[PDB]
Amino acid sequence: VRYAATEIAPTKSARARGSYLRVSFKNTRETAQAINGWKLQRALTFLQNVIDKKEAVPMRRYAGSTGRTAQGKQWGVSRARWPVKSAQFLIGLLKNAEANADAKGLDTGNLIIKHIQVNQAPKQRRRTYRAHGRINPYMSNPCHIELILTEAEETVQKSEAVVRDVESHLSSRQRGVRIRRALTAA
RNA sequence: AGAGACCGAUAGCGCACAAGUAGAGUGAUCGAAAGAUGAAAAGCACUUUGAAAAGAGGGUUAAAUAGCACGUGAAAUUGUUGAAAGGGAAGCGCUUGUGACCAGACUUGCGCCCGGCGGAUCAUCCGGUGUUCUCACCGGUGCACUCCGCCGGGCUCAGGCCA
RNA sequence: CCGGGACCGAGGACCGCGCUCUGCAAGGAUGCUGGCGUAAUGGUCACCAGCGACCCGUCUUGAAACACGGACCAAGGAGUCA
RNA sequence: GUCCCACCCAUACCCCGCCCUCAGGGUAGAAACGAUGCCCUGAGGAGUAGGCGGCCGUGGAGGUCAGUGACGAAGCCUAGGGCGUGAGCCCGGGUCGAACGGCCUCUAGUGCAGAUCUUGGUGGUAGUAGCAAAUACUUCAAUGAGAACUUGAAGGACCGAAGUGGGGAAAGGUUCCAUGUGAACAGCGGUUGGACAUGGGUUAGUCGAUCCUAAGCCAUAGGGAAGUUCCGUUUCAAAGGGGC
RNA sequence: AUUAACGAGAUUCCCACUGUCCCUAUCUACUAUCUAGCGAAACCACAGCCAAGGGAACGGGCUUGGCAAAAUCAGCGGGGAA
RNA sequence: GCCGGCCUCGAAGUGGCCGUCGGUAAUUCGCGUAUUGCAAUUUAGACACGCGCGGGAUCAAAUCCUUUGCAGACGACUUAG
Ligand SMILES: [K+]
Ligand SMILES: [K+]
Ligand SMILES: [K+]
Ligand SMILES: [K+]
Ligand SMILES: [K+]
Ligand SMILES: [K+]
Ligand SMILES: [K+]
Ligand SMILES: [K+]
Ligand SMILES: [K+]
Ligand SMILES: [K+]
Ligand SMILES: [K+]
Ligand SMILES: [K+]
Ligand SMILES: [K+]
Ligand SMILES: [K+]
Ligand SMILES: [K+]
Ligand SMILES: [K+]
Ligand SMILES: [K+]
Ligand SMILES: [K+]
Ligand SMILES: [K+]
Ligand SMILES: [K+]
Ligand SMILES: [K+]
Ligand SMILES: [K+]
Ligand SMILES: [K+]
Ligand SMILES: [K+]
Ligand SMILES: [K+]
Ligand SMILES: [Mg+2]
Ligand SMILES: [Mg+2]
Ligand SMILES: [Mg+2]
Ligand SMILES: [Mg+2]
Ligand SMILES: [Mg+2]
Ligand SMILES: [Mg+2]
Ligand SMILES: [Mg+2]
Ligand SMILES: [Mg+2]
Ligand SMILES: [Mg+2]
Ligand SMILES: [Mg+2]
Ligand SMILES: [Mg+2]
Ligand SMILES: [Mg+2]
Ligand SMILES: [Mg+2]
Ligand SMILES: [Mg+2]
Ligand SMILES: [Mg+2]
Ligand SMILES: [Mg+2]
Ligand SMILES: [Mg+2]
Ligand SMILES: [Mg+2]
Ligand SMILES: [Mg+2]
Ligand SMILES: [Mg+2]
Ligand SMILES: [Mg+2]
Ligand SMILES: [Mg+2]
Ligand SMILES: [Mg+2]
Ligand SMILES: [Mg+2]
Ligand SMILES: [Mg+2]
Ligand SMILES: [Mg+2]
Ligand SMILES: [Mg+2]
Ligand SMILES: [Mg+2]
Ligand SMILES: [Mg+2]
Ligand SMILES: [Mg+2]
Ligand SMILES: [Mg+2]
Ligand SMILES: [Mg+2]
Ligand SMILES: [Mg+2]
Ligand SMILES: [Mg+2]
Ligand SMILES: [Mg+2]
Ligand SMILES: [Mg+2]
Ligand SMILES: [Mg+2]
Ligand SMILES: [Mg+2]
Ligand SMILES: [Mg+2]
Ligand SMILES: [Mg+2]
Ligand SMILES: [Mg+2]
Ligand SMILES: [Mg+2]
Ligand SMILES: [Mg+2]
Ligand SMILES: [Mg+2]
Ligand SMILES: [Mg+2]
Ligand SMILES: [Mg+2]
Ligand SMILES: [Mg+2]
Ligand SMILES: [Mg+2]
Ligand SMILES: [Mg+2]
Ligand SMILES: [Mg+2]
Ligand SMILES: [Mg+2]
Ligand SMILES: [Mg+2]
Ligand SMILES: [Mg+2]
């Protein structure tokens, strides 16, 4: 179908997606944002350390009236949590993409999370019961997830010069000064 | 049974659909929401990862930016990427600056002279036909200092923006 | 009667009132010269800077009001017919 | 306190340009004119409630452009352009798939920010308030992708015969039993379920109903009431049953 | 007008008793609090630091001053004429 | 004026002496200047920052984690590894 990047050619990359997944959208957004631009192996290790509560996911946007911990000093922040259920879903998709890379014939030794994105899905409906005979809604917030992996090169050492454009519409008095200084210096 | 300067799915009857239906009330009674894949299902064979739901390849089609959560697909609200600002709100009016991006205008035209090239037939007169009854058209004559077109060289004039 | 500066050039054949009368400053700007011919002049947007700037609708002598309605968006919504 | 110079700036005053409104003139033996046009001259411009004029848009109808269109109509997006004082009009780029427009007349269910307005959809609050009555769970093994709330065994506990036990009446209607299972439901999980799918299950001369009458309700004889119907139950009635 | 017995009926004093008080201290269980899973509602013109002034005679916004530095957690009951 | 050697300077650390080297109309001359076309900033200073060479010098810590209870709602704090 149509991924959101559209500038990555589906020949030198691998991708995976999943839709209508019944997990918290707010928790998954904070988890996906922590692993973005990382290597495939570093990310897989990190997600398991979260499940075992040895490393923490920093909460930046959706962090209203939450708790504090010492495992957040790694990220320079003070509020962090351990979204176990979110990490499980992400690991499943990262494994599927890595499997897709092997079938194509890529080199899984150095792959990079190039694109990762979480969107809101249609909600599901339940009800509560309140005092004085009133009924209120009780809803869940699922999500869509997709990602793309590409190889890393980080190899550019080409810098341009004034060759692209030269002084082209100078005045007659400007041209006179340039020539005189050229003659004097040589 | 035939029609209309009527309405076009929040409209028109409450009902374009298994509608006086599903549902509520002890009962008399109350009473909805809900139309559109494609010309044709040709409704995705096979391989691979996964416990499975599914994903990635590969197929059908004019089109999958039409996959049954299906014509087109707006706003509120949200994700990623890119650009920028932030010492107890922000937004707005007048006027410069910086950065990014951009519409026009201009590229020549008429005339005169000199040379070359090509074609005619320029003025006049005779016949025919129109018409505003004196002005034209067609046929014939004309045949090189006339008429028309192109190219080469020189000259005058007019031409864009800011001073 | 002589100097020094600033802003402006509407009109588009002739005709008029006149004068210092081969002509003119008299019913509204012409003459000469240089640079450049493109993002240079010009335009749109974003942001910083100087000055300015109370929330709309409504009743009321008097509304920014410690007076009432208004969380946001789409579609419907009120002087007609005999 | 009194007197004197110079200087600063209002949308006021003076001069110039342009817009509109009002007033006054010119223009045919027509080489003549959107005569509803064009040329010349002067003055003026605040505004709620309210009055009048001119114009711009929307859905349909008659006429006309011998109008545009699958070589792409309509609709939608666009810190890309041009015109208009303004409501608005026109063009470029993208998406898309079957109809649509200009001009003069005709016609109306014809122009929205408000009405604690109607229907539908969506935010901040916010991963927040909370998920704390009824004393309580622990070890090993097995099943399974996955086990605190599934099964076995072993410990520890509660109900304590006016029971958290064994059976019924009203009410419900398959909730009963076996096998299996993706989603949804069991406000945590779930391999378990009163959930979901496929099959099976209720046997009477003796237990009930059926028979009798109670409080009561309604037919028949009759009397009211325009009538739907009201009274009346043994009465002011020629009202039955037994044998060969 | 009196009146034995009776009263979850109204009132005054006495004995015993005590954290009602001088004057407050300590302990236990469940919360709150942190984590995994699940997950609402009221309300909302726009917002949210002050002193004085004038003003519809008690300003978050106006005028003149004081000042003024990211993003945040547990409590609190002055104001928001909540 | 750049360097080097001696002294000196504490309010937010400065000045002086000496030496080598380089430049230098107080007087008077000889060659060069044009064409930037009759104006168009006189692109010229000082500090910061970046980049590229060539030489020297150097081989460190903090957080998570486990632990303590002189501390504590959670972070944080006093300790040990
Ligand atoms: K908290
Ligand atoms: K209806
Ligand atoms: K019913
Ligand atoms: K086609
Ligand atoms: K295709
Ligand atoms: K389509
Ligand atoms: K004028
Ligand atoms: K009112
Ligand atoms: K109000
Ligand atoms: K119309
Ligand atoms: K287009
Ligand atoms: K949650
Ligand atoms: K309990
Ligand atoms: K119990
Ligand atoms: K029987
Ligand atoms: K028998
Ligand atoms: K029976
Ligand atoms: K019977
Ligand atoms: K009886
Ligand atoms: K009767
Ligand atoms: K009593
Ligand atoms: K609390
Ligand atoms: K939690
Ligand atoms: K006051
Ligand atoms: K003001
Ligand atoms: Mg708080
Ligand atoms: Mg709390
Ligand atoms: Mg409740
Ligand atoms: Mg109730
Ligand atoms: Mg919600
Ligand atoms: Mg009909
Ligand atoms: Mg509908
Ligand atoms: Mg309808
Ligand atoms: Mg549809
Ligand atoms: Mg497929
Ligand atoms: Mg298409
Ligand atoms: Mg949808
Ligand atoms: Mg669609
Ligand atoms: Mg949007
Ligand atoms: Mg701003
Ligand atoms: Mg002839
Ligand atoms: Mg002029
Ligand atoms: Mg020139
Ligand atoms: Mg510019
Ligand atoms: Mg002001
Ligand atoms: Mg007040
Ligand atoms: Mg009122
Ligand atoms: Mg209100
Ligand atoms: Mg409609
Ligand atoms: Mg007026
Ligand atoms: Mg209509
Ligand atoms: Mg089109
Ligand atoms: Mg836009
Ligand atoms: Mg079609
Ligand atoms: Mg209407
Ligand atoms: Mg509206
Ligand atoms: Mg209004
Ligand atoms: Mg909580
Ligand atoms: Mg509970
Ligand atoms: Mg509670
Ligand atoms: Mg239990
Ligand atoms: Mg007991
Ligand atoms: Mg006991
Ligand atoms: Mg059972
Ligand atoms: Mg079972
Ligand atoms: Mg549950
Ligand atoms: Mg579950
Ligand atoms: Mg289950
Ligand atoms: Mg069932
Ligand atoms: Mg019996
Ligand atoms: Mg009767
Ligand atoms: Mg009778
Ligand atoms: Mg105050
Ligand atoms: Mg006062
Ligand atoms: Mg206020
Ligand atoms: Mg101020
Ligand atoms: Mg409180
Ligand atoms: Mg208060």
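Per the PDB record, this model was obtained through cryo-EM at a reported resolution of 2.38 Å.

Asker: Explain the sheet that holds strand β7 (residues 143–151) here, please?
Answerer: Picture the strands of a sheet paired through backbone hydrogen bonds; they go either parallel or antiparallel. Spatially, the three strands line up as an open sheet ordered β1-β7-β4, and their pairing is antiparallel. At either margin of the open sheet sits one strand with a lone partner, and together these are β1 (13–21) and β4 (111–120). For this sheet, the mean inter-axis angle between neighbouring strands, taken without regard to orientation, is 10 degrees. In this structure, β4 lies alongside β7, joined through nine bridges in antiparallel fashion. The partner of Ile 112 across the bridge, within β7, is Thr 150. Contacts between helix α3 (residues 84–104) and the sheet are confined to β1, β4 and β7, with β1 contributing the most and set at about 145 degrees to the helix.

Asker: Where do I start with helix α2 (residues 40–51) in this structure?
Answerer: One full turn of an α-helix is made of 3.6 residues, so residues set three or four places apart face in the same direction. Between its first and last C-alpha atoms α2 spans 17 Å; for twelve residues at 1.5 Å apiece the expected length is 16 Å, and the two agree. When α2 is considered as a whole, its buried residues turn out to be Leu 40, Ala 43, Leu 44, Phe 46, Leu 47, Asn 49 and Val 50. Of the surrounding elements, those touching the buried residues of α2 are α1 (25–34), β2 (57–58), α3, β4 and β7. Directly after α2, the chain includes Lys 53, whose backbone phi takes a positive value near 60 degrees.

Asker: Explain the packing of aromatic side chains here, please?
Answerer: Each aromatic ring pair is specified by the distance between its two centres and by the angle formed by the two planes. Evaluation of the coordinates by the stated rule reveals four aromatic pairs. Residues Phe 46 and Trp 75 carry aromatic rings whose centres are separated by 6.2 Å and whose planes lie at 85 degrees to one another, so their mutual orientation is edge-to-face. Here the residue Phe 46 occupies a position in helix α2, and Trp 75 occupies one in the loop between β2 and β3 (80–81), the gap between them amounting to 29 residues. Take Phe 46: its relative accessible area is 0%, and that puts it in the buried class. Here the aromatic residues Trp 38, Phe 46 and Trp 75 are joined through ring pairs into a cluster of three or more. Against the face of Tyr 3 rests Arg 15, its NZ or CZ located 4.7 Å from the ring centre. Above the face of the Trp 38 ring, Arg 42 is positioned so that its terminal group lies 4.9 Å from the ring centre.

Asker: I tried to follow the packing of α2 against α3 on my own but got confused; where do I start?
Answerer: The relative placement of two packed helices comes down to the angle between their axes together with the axis-to-axis distance. Contact pair α2 / α3: the axes reach a minimum separation of 9 Å and the direction vectors enclose 155 degrees. What the angle tells us is that α2 and α3 run roughly antiparallel. Considering only the axes of α2 and α3, their crossing is left-handed. Contact with α2, carried on its side by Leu 40, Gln 41, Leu 44, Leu 47, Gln 48, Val 50 and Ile 51, involves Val 84, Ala 87, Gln 88, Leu 90, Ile 91, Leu 94, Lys 95 and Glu 98 of α3 and no other residues of that element. In terms of residue class, the contact of α2 with α3 is made up of ten nonpolar, three polar and two charged.

Asker: Please clarify how the protein's contact with RNA strand C should be interpreted in this entry.
Answerer: The full set of residues close to RNA strand C is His 169, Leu 170, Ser 171, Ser 172, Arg 173 and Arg 175. A breakdown of the atoms of RNA strand C within 4 Å of the protein gives sugar and phosphate a share of 100%. At 2.7 Å from a phosphate oxygen of RNA strand C is found a side-chain nitrogen or oxygen belonging to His 169. In this structure, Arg 175 approaches RNA strand C through a side-chain N or O atom, which is 2.6 Å from a phosphate oxygen. Considered class by class, the residues forming the surface near RNA strand C number one nonpolar, three polar and two charged.

Asker: Is there a simple way to explain the pairing of strand β6 (residues 134–140) in this structure?
Answerer: Along any regular strand, the residues point their side chains to alternate faces of the sheet. Sheet topology places strand β5 (residues 124–130) next to β6; seven bridges connect them, and they run antiparallel. Each residue of the ladder has a partner; that of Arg 130, found in β6, is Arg 134. With antiparallel pairing between neighbouring strands as the criterion, β5 and β6 make up a hairpin whose turn holds three residues, including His 132 at a positive phi of roughly 65 degrees.

What counts and how
For every chain, the first residue of the written sequence is numbered 1, i.e. counting runs from 1 onward, and this need not coincide with the entry's numbering; residues without coordinates are not included. Key to labels: chains lettered from A, ligands numbered from 1, both in the order written. In this view the chains form part of a larger assembly, and all numbers refer to the visible part. Values reported for side chains reflect all heavy atoms of the structure, with hydrogen atoms and water molecules removed beforehand. Pairing between strands is defined by DSSP: at least two bridges between the two strands are required. In this description a helix means any DSSP run of H or I spanning at least four residues, a strand means any run of E spanning at least two, and both kinds are numbered starting from the N terminus. Axes here mean lines fitted to C-alpha atoms, for a helix over just the part in contact, with angles spanning 0 to 180 degrees between N-to-C directions. Only heavy atoms matter for contacts: two residues are in contact if any of them lie within 4.5 Å across the pair. Take the number of residues in a helix, subtract one, and multiply by 1.5 Å to get its expected span. Accessibility here uses a 1.4 Å probe with only protein chains present; expressed as a share of the type maximum, an area under 20% marks a residue as buried, one over 50% as exposed, and anything in between as partly exposed. Here is the rule: rings of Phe, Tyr and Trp (six-membered ring for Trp) pair when centre to centre is within 6.5 Å. Planes less than 30 degrees apart are stacked, more than 60 are edge-to-face, and the remainder are tilted. Charge over a ring is defined by NZ of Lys or CZ of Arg lying within 6 Å of the ring centre and within 35 degrees of the ring normal. Any angle from 65 to 115 degrees is called roughly perpendicular, while one under 35 is roughly parallel, one over 145 is roughly antiparallel, and all others are oblique. Crossing handedness is defined as follows: a turn of the near helix away from the far one that is anticlockwise and smaller than a right angle gives a left-handed crossing, while the clockwise case is right-handed. The classification used treats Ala, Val, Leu, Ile, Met, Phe, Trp, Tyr, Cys and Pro as nonpolar, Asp, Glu, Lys and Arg as charged, and all other residues, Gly among them, as polar. If a single non-hydrogen atom of a residue is within 4 Å of a molecule or strand, that residue counts as near it. Pairs of N or O atoms are called polar contacts if they sit within 3.5 Å, as long as, within protein, a hydrogen donor faces a hydrogen acceptor (for residues adjacent in sequence, only side-chain-to-side-chain pairs).

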